[PDB]
Amino acid sequence: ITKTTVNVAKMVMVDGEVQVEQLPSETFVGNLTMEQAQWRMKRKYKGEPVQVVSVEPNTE
């Protein structure tokens, strides 16, 4: 496992309706657990309603 892609989404208010917007994926070196990824994304998008969708480790 040499890298981990974290896929992230945001709940957004558009024309008065709650929708979900895809945010840029971020690929980290090494293995990142889902707990680690959730923590990292909560610090990155301070105060905004973001949620980790998935993590994808790649072996090589």
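The residues of the chain are indexed from 1 along the displayed sequence. The analysis underlying the following values was restricted to heavy atoms, covering all of them including side chains, and did not include hydrogens, waters or symmetry mates.
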Going by heavy atoms in the side chains, are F28 and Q36 under 4.5 Å from each other?
no
Spacing of CG belonging to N31 relative to OG1 belonging to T4, to within rounding of 0.5 Å
4.5 Å
Over all heavy atoms of both residues, which pair between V8 and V50 is shortest? Give the atoms and the distance, please.
CG1-CB, 4.2 Å
Is there a continuous path of hydrophobic side-chain contacts, each under 4.5 Å between heavy atoms, that joins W39 to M41?
no
Any residue meeting salt bridge (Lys or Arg N to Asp or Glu O under 4.0 Å) with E48, in chain and number order, not counting sequence neighbours:
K10
Any salt bridge (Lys or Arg N to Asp or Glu O under 4.0 Å) pairs touching residues 51-60, not counting sequence neighbours?
none
Sequence neighbours excluded, which residues qualify as side-chain contact (heavy atoms from CB on, under 4.5 Å) partners of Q51?
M11
Under 3.5 Å donor-acceptor pairs involving side-chain atoms of residues 17-26, not counting sequence neighbours:
| unit_1 | atom_1 | unit_2 | atom_2 | d |
| --- | --- | --- | --- | --- |
| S25 | OG | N7 | OD1 | 2.6 |
| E26 | OE1 | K44 | NZ | 2.9 |

Show the numbers, then the answer: is there a side-chain contact (heavy atoms from CB on, under 4.5 Å) between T2 and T59?
CA-CA 6 Å; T2 64; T59 65; over 6 Å; no
Set of residues satisfying salt bridge (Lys or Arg N to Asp or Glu O under 4.0 Å) with respect to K3, sequence neighbours excluded
none
When rounded to the nearest 0.5 angstrom, what distance separates CG in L32 from OG1 in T5?
10.5 Å
Where at least one partner belongs to residues 30-39, residue pairs that pass salt bridge (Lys or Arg N to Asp or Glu O under 4.0 Å), sequence neighbours excluded
none
